[PDB]
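Just one chain follows, in the form solved without its partner chain, and it is written as structure tokens.
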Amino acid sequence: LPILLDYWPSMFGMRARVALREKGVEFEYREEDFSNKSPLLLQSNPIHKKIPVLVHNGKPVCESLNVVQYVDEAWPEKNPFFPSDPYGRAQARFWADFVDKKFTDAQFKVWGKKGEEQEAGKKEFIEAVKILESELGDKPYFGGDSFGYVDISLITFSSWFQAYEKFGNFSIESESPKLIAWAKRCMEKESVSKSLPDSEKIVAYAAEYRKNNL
């Protein structure tokens, strides 16, 4: 089977878990110890030494959105992640990029920082969530009538929402109610619920990080 090198609380690795399950692709999950990275990880991703890595037919695919796109292309005959047209595909790439940049940067400040930087992060997080709310609009998914690439890129972060709300001491639903409705909607899918760890475990993880580093 394809081998997925991963780390359980990673919102990035989770994207690969969701992608593979949404395709119905069977895979072997391997938990990496960053203090003791496997020979296969170091051989497969020598530049970044990061997860996720998908090893498929002897070839490594690195970077989580790259892996998601690879899964779409390697198993293209069912559950397409993208619309068929160039513009819709560019839209999907744009919004996943926005998640990888602005949203990712803001959320890390919320659970990973304290003081003024955390407060700044919380403001930036709320701005990002309002922008995403506006893009979703009244559609069931970012991909429209069907769950697709942008949904995969963002839904993994919903496992961290409890942690965001705890250390940011706020309610995401108050800021972006349709986004929260969307997260709940996606959680009805086995591809999502089986891929995302319990949010209480993520809280414990974030709590430990703050204890050790702040």
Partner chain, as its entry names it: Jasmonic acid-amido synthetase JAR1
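Residue numbers count along the first chain shown, from 1. Shifts are known only where both forms have a C-alpha. Between two forms, the rigid core is defined as the largest C-alpha subset superposing within 1.5 Å.
The protein also exists as the form deposited with its partner chain bound; that form is not presented, and the subsequent description refers to it.
- Among heavy atoms of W111, none comes within 4.5 Å of its partner chain in the deposited bound form.
- In the deposited bound form, at least one heavy atom of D138 sits within 4.5 Å of a heavy atom of its partner chain.
- Taking non-hydrogen atoms only, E117 never approaches its partner chain to within 4.5 angstroms in the deposited bound form.
- Among heavy atoms of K37, none comes within 4.5 Å of its partner chain in the deposited bound form.
- Each of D85, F142 and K184 places at least one heavy atom within 4.5 Å of its partner chain in the deposited bound form.
- The Cα shift for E188 between the shown form and the other one, taken after rigid core superposition, is smaller than 2 angstroms.
- Superposed on the core, the two forms barely differ at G88: its CA moves less than 2 Å between the shown form and the other one.
- Here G143 counts as shifted, since its C-alpha moves by at least 2 Å between the shown form and the other one after the core is aligned.
- Segments of at least three consecutive residues in which every Cα is displaced by 2 Å or more between the shown form and the other one, once the core is aligned, occur only at 143 to 145.
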